[PDB]
Every structure is written in C-alpha cells, then in structure tokens.
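For reference, the structure discussed in these notes is given below.
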Amino acid sequence: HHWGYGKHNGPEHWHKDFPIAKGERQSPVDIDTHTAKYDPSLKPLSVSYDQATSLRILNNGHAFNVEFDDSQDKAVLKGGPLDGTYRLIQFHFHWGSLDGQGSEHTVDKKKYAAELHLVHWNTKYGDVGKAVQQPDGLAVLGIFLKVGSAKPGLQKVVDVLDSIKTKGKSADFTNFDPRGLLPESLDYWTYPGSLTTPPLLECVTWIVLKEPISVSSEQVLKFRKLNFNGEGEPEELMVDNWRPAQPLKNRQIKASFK
Ligand SMILES: NS(=O)(=O)c1ccc(C(=O)NCc2cc(F)ccc2F)cc1
Ligand SMILES: [Hg+2]
Ligand SMILES: [Zn+2]
C-alpha cells in the first residue's frame, strides 16, 4: 500500500512502486573516511539563518517536519560545493528504536542515534516543485546526533511533540531558531545523491557535517513516543524511520578538510 518502514512495505519493497530505488545516485551511503578525496577547492559553507521564520510542525506518518516560510531569502545556504542560493524549507529527523542506530548515513559503517536533515531548494528554479526535476535542485545539510548531554535548542521541538502524536496532526511552531541545532564546526563531506524516501528523486547535493551534535537520552526518548498511525488506528510507534546505505557506484565523496 503506501510505503513505510515496516516488514511489509519497507525499504526493500520500495523499488516495486519507485523503480528509481535501484538507481545510480541513491542515498544514503556509507562515508569511508580513508577514500573520500580532500578537495581543497571546496569553498567554506555559508549558513545564514538569522532571519529564519518557522511556521508549523506536523507528523506526516514517516516523520515530523518543522516548516519554514520560504517565500523570500530568510534562511539560506551558500558556499561549499554549491552554486547559487538555496532556501531552507523544512527540517526533520530519522531515528532508531535504540541509540546505536538511527542515522541514514554512516561514517566508516558507524551508525549514530539519529540524523537531522535540513532541506533547501535551489532558488533559480522558482518553487520546490520545479527544483525536484533538476539534478542540482536540492541541498540537504545532514547532521548526526549522538547521545550524551542535552542540546538546549532542541528542547523547544521536544516539548511540542505531545500535541502532534499521530499522523496528520500539526501545531503552530513559530519563532524557532535553527542556528541552535548546528555544531561548532562546519567541516563537511559532499557527494551527489537523492532523497532517502519515496519518490527517491536523484536531485540532491548532500552535505554531511563531520562533527555530530549531542542530545540527551530523554530528548531522543520523546521522539520515540510519536506514532506512525493516525488517531483511532492501532498504535505503531514511530521508530527506525531510516533507509539503509546504498551502493556508491560511479561516485566520489569529497571532503572539505584534511
Ligand atoms: N530524508 S530526505 O532529506 O531525503 C527528504 C527531504 C524532503 C522530502 C520531501 O519533501 N517529501 C515530499 C516530496 C518530495 C518530492 F521529491 C516530490 C513530492 C513530494 F511530495 C523527502 C525526503
Ligand atoms: Hg532531479
Ligand atoms: Zn530526511
């Protein structure tokens, strides 16, 4: 039926309805530190989030998205391996049922407890809908989450979850500052890929930060109390909403640091 992360409609089944699943530039992939090419020409990243306007938070089955007003250049991504301005539209997480799993990308086969995806679209295309038809339409800033000390900036997201427990719920989520979710350093790995959920369109330039952010056990625990199901249906806990790594094929992972 509609895809999911279940035994019967999971990642291994995705190819039946989305043929692109066995494509050439699918994501996520495993980051092998000893094979990534140090590309000195890669420019530094430019993250401008001071005029960011968060609007809503919703549980769409699969995961929960915090949406941003992208009608103007309020929160943008420039620099690095990118050419042109990219507007932040939404961010979401992928997590597991246990701390030792949850991330989509792995570093040398190592899984993190979760992974934050900050989704941006290429402004030259006009709207996100057009962006997804171009090979360089999207830019997703990936940030790993490891369990340790609590991340203050993540607390606002954690407290509102009780109100979007099931599929289809949403709640006003204004004045959220995404800068509170960035680590100290902006060192990154970059490679050409795709969305990690159906439609699995190969329209993404991936930028994975080297430094992970740390969150408390109680913070990620509250993520795990969300539901895949809508109100009134049997309860199915929202966990392990991650796609396993894919073959790199004819692709090069470039590092911005030595
Ligand atoms: N985990 S990830 O960063 O790769 C990712 C980011 C965004 C989306 C998304 O916006 N879905 C909607 C959507 C995307 C399309 F490409 C076409 C239609 C559509 F509704 C999906 C996956
Ligand atoms: Hg595309
Ligand atoms: Zn994602």
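Residues in the structure tokens are named by chain (A, B, ... in the order shown) and by number from 1 within that chain; ligands are numbered from 1 in the order shown.
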For the interface of chain A with ligand 1 (cut-off 6 Å, counting only C-alpha atoms and all ligand atoms), please tabulate each contacting residue of chain A alongside its nearest pair of atoms and their separation in Å to one decimal, rows sorted by chain and increasing number, as a tab-separated table.
```
residue	atom	partner	partner_atom_place_in_ligand_line	distance
A:117	CA	ligand 1	3 (O)	5.1
A:119	CA	ligand 1	6 (C)	5.8
A:132	CA	ligand 1	16 (F)	5.3
A:140	CA	ligand 1	3 (O)	5.8
A:195	CA	ligand 1	4 (O)	3.3
A:196	CA	ligand 1	4 (O)	4.1
A:197	CA	ligand 1	22 (C)	5.1
A:199	CA	ligand 1	16 (F)	5.7
A:201	CA	ligand 1	16 (F)	5.6
```
Write a file of the just-selected residues containing C-alpha atoms, as a JSON list (two decimals), in the first residue's frame.
```
[["chain", "number", "residue", "atom", "x", "y", "z"],
["A", 117, "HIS", "CA", 18.06, 16.77, 7.60],
["A", 119, "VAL", "CA", 16.25, 20.60, 3.38],
["A", 132, "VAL", "CA", 12.88, 18.27, -7.90],
["A", 140, "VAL", "CA", 20.26, 18.77, 2.34],
["A", 195, "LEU", "CA", 16.00, 11.85, -1.46],
["A", 196, "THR", "CA", 16.11, 8.94, 1.03],
["A", 197, "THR", "CA", 12.31, 8.33, 0.98],
["A", 199, "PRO", "CA", 9.79, 9.33, -4.60],
["A", 201, "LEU", "CA", 14.34, 11.54, -6.82]]
```
Proximity of chain A to ligand 3: per-residue shortest pair, 10 Å limit, only C-alpha atoms and all ligand atoms, as CSV:
```
residue,atom,partner,partner_atom_place_in_ligand_line,distance
A:28,CA,ligand 3,1 (Zn),9.6
A:62,CA,ligand 3,1 (Zn),9.9
A:63,CA,ligand 3,1 (Zn),8.6
A:65,CA,ligand 3,1 (Zn),9.5
A:90,CA,ligand 3,1 (Zn),9.8
A:91,CA,ligand 3,1 (Zn),7.6
A:92,CA,ligand 3,1 (Zn),6.0
A:93,CA,ligand 3,1 (Zn),6.2
A:94,CA,ligand 3,1 (Zn),6.4
A:103,CA,ligand 3,1 (Zn),9.7
A:104,CA,ligand 3,1 (Zn),8.3
A:115,CA,ligand 3,1 (Zn),7.9
A:116,CA,ligand 3,1 (Zn),7.1
A:117,CA,ligand 3,1 (Zn),4.9
A:118,CA,ligand 3,1 (Zn),7.9
A:119,CA,ligand 3,1 (Zn),7.8
A:140,CA,ligand 3,1 (Zn),8.1
A:141,CA,ligand 3,1 (Zn),9.6
A:142,CA,ligand 3,1 (Zn),8.4
A:195,CA,ligand 3,1 (Zn),7.2
A:196,CA,ligand 3,1 (Zn),6.3
A:197,CA,ligand 3,1 (Zn),7.4
A:241,CA,ligand 3,1 (Zn),9.4
A:242,CA,ligand 3,1 (Zn),8.4
A:243,CA,ligand 3,1 (Zn),9.5
```
Could you give me, as a Markdown table, a per-residue list for chain A showing, wherever an atom lies at most 7 Å from an atom of ligand 2, the closest pair of atoms and their distance in Å to one decimal, using only C-alpha atoms and all ligand atoms and sorting by chain then residue number from low to high?
```
| residue | atom | partner | partner_atom_place_in_ligand_line | distance |
| --- | --- | --- | --- | --- |
| A:132 | CA | ligand 2 | 1 (Hg) | 4.7 |
| A:133 | CA | ligand 2 | 1 (Hg) | 3.9 |
| A:134 | CA | ligand 2 | 1 (Hg) | 3.8 |
| A:135 | CA | ligand 2 | 1 (Hg) | 4.3 |
| A:136 | CA | ligand 2 | 1 (Hg) | 6.9 |
| A:137 | CA | ligand 2 | 1 (Hg) | 6.3 |
| A:201 | CA | ligand 2 | 1 (Hg) | 5.7 |
| A:202 | CA | ligand 2 | 1 (Hg) | 5.1 |
| A:203 | CA | ligand 2 | 1 (Hg) | 3.6 |
```
Polymer residues at most 8 Å from residue A:219, only C-alpha atoms, same-chain spacing of 2 or more positions, as a list in words: residues 150, 154, 155, 158, 215, 216, 217, 221, 222 and 223 of chain A
Emit the selected residues as a PDB file, in the first residue's frame, including N, CA and C atoms.
```pdb
ATOM      1  N   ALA A 150      22.335  17.097  26.869  1.00  0.00           N
ATOM      2  CA  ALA A 150      21.162  17.666  26.221  1.00  0.00           C
ATOM      3  C   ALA A 150      21.500  18.883  25.379  1.00  0.00           C
ATOM      4  N   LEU A 154      17.281  22.094  21.079  1.00  0.00           N
ATOM      5  CA  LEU A 154      16.399  21.014  20.691  1.00  0.00           C
ATOM      6  C   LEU A 154      15.194  20.925  21.633  1.00  0.00           C
ATOM      7  N   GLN A 155      15.305  21.444  22.859  1.00  0.00           N
ATOM      8  CA  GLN A 155      14.206  21.367  23.821  1.00  0.00           C
ATOM      9  C   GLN A 155      12.852  21.916  23.354  1.00  0.00           C
ATOM     10  N   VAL A 158      11.179  19.208  21.364  1.00  0.00           N
ATOM     11  CA  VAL A 158      10.799  18.096  22.229  1.00  0.00           C
ATOM     12  C   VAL A 158       9.470  18.309  22.995  1.00  0.00           C
ATOM     13  N   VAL A 215      22.738  15.026  22.025  1.00  0.00           N
ATOM     14  CA  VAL A 215      21.422  15.227  22.633  1.00  0.00           C
ATOM     15  C   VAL A 215      21.270  14.285  23.830  1.00  0.00           C
ATOM     16  N   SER A 216      20.397  14.624  24.775  1.00  0.00           N
ATOM     17  CA  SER A 216      20.224  13.755  25.935  1.00  0.00           C
ATOM     18  C   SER A 216      19.330  12.541  25.630  1.00  0.00           C
ATOM     19  N   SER A 217      19.479  11.504  26.448  1.00  0.00           N
ATOM     20  CA  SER A 217      18.709  10.277  26.311  1.00  0.00           C
ATOM     21  C   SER A 217      17.186  10.569  26.349  1.00  0.00           C
ATOM     22  N   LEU A 221      14.303  10.035  23.484  1.00  0.00           N
ATOM     23  CA  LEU A 221      13.269   9.143  24.015  1.00  0.00           C
ATOM     24  C   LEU A 221      11.879   9.674  23.630  1.00  0.00           C
ATOM     25  N   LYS A 222      11.675  10.989  23.778  1.00  0.00           N
ATOM     26  CA  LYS A 222      10.413  11.650  23.418  1.00  0.00           C
ATOM     27  C   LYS A 222      10.074  11.561  21.899  1.00  0.00           C
ATOM     28  N   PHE A 223      11.108  11.413  21.046  1.00  0.00           N
ATOM     29  CA  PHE A 223      10.958  11.253  19.581  1.00  0.00           C
ATOM     30  C   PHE A 223      10.256   9.905  19.388  1.00  0.00           C
TER      31      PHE A 223
END
```
Residue neighbourhood residue A:231, 10 Å, only C-alpha atoms, exclusion window fewer than 3 positions, as a list in words: residues 165, 166, 167, 168, 169, 227, 228, 234 and 235 of chain A
Prev. selection, N, CA, C and O atoms, output as a PDB file, in the first residue's frame:
```pdb
ATOM      1  N   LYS A 165       1.195  13.877  18.267  1.00  0.00           N
ATOM      2  CA  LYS A 165       1.441  12.456  18.437  1.00  0.00           C
ATOM      3  C   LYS A 165       1.148  11.555  17.246  1.00  0.00           C
ATOM      4  O   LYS A 165       1.991  10.742  16.896  1.00  0.00           O
ATOM      5  N   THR A 166      -0.013  11.721  16.608  1.00  0.00           N
ATOM      6  CA  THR A 166      -0.419  10.857  15.480  1.00  0.00           C
ATOM      7  C   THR A 166      -0.342  11.485  14.088  1.00  0.00           C
ATOM      8  O   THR A 166      -0.209  12.695  13.953  1.00  0.00           O
ATOM      9  N   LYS A 167      -0.483  10.643  13.061  1.00  0.00           N
ATOM     10  CA  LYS A 167      -0.428  11.062  11.664  1.00  0.00           C
ATOM     11  C   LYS A 167      -1.452  12.143  11.374  1.00  0.00           C
ATOM     12  O   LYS A 167      -2.616  12.050  11.779  1.00  0.00           O
ATOM     13  N   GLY A 168      -1.011  13.178  10.674  1.00  0.00           N
ATOM     14  CA  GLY A 168      -1.898  14.263  10.325  1.00  0.00           C
ATOM     15  C   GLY A 168      -1.972  15.425  11.290  1.00  0.00           C
ATOM     16  O   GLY A 168      -2.501  16.462  10.911  1.00  0.00           O
ATOM     17  N   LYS A 169      -1.501  15.275  12.528  1.00  0.00           N
ATOM     18  CA  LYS A 169      -1.550  16.392  13.478  1.00  0.00           C
ATOM     19  C   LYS A 169      -0.453  17.403  13.161  1.00  0.00           C
ATOM     20  O   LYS A 169       0.586  17.053  12.608  1.00  0.00           O
ATOM     21  N   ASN A 227       3.730   8.502  16.914  1.00  0.00           N
ATOM     22  CA  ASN A 227       3.067   7.374  16.260  1.00  0.00           C
ATOM     23  C   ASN A 227       3.092   7.482  14.731  1.00  0.00           C
ATOM     24  O   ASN A 227       2.988   8.576  14.175  1.00  0.00           O
ATOM     25  N   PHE A 228       3.228   6.339  14.060  1.00  0.00           N
ATOM     26  CA  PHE A 228       3.182   6.298  12.594  1.00  0.00           C
ATOM     27  C   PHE A 228       1.692   6.409  12.185  1.00  0.00           C
ATOM     28  O   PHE A 228       1.347   7.009  11.160  1.00  0.00           O
ATOM     29  N   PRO A 234      -4.694   1.297  15.144  1.00  0.00           N
ATOM     30  CA  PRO A 234      -3.825   0.629  16.123  1.00  0.00           C
ATOM     31  C   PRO A 234      -2.497   1.391  16.253  1.00  0.00           C
ATOM     32  O   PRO A 234      -1.960   1.917  15.262  1.00  0.00           O
ATOM     33  N   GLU A 235      -1.953   1.418  17.462  1.00  0.00           N
ATOM     34  CA  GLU A 235      -0.708   2.128  17.710  1.00  0.00           C
ATOM     35  C   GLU A 235       0.503   1.396  17.168  1.00  0.00           C
ATOM     36  O   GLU A 235       0.718   0.215  17.449  1.00  0.00           O
TER      37      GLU A 235
END
```
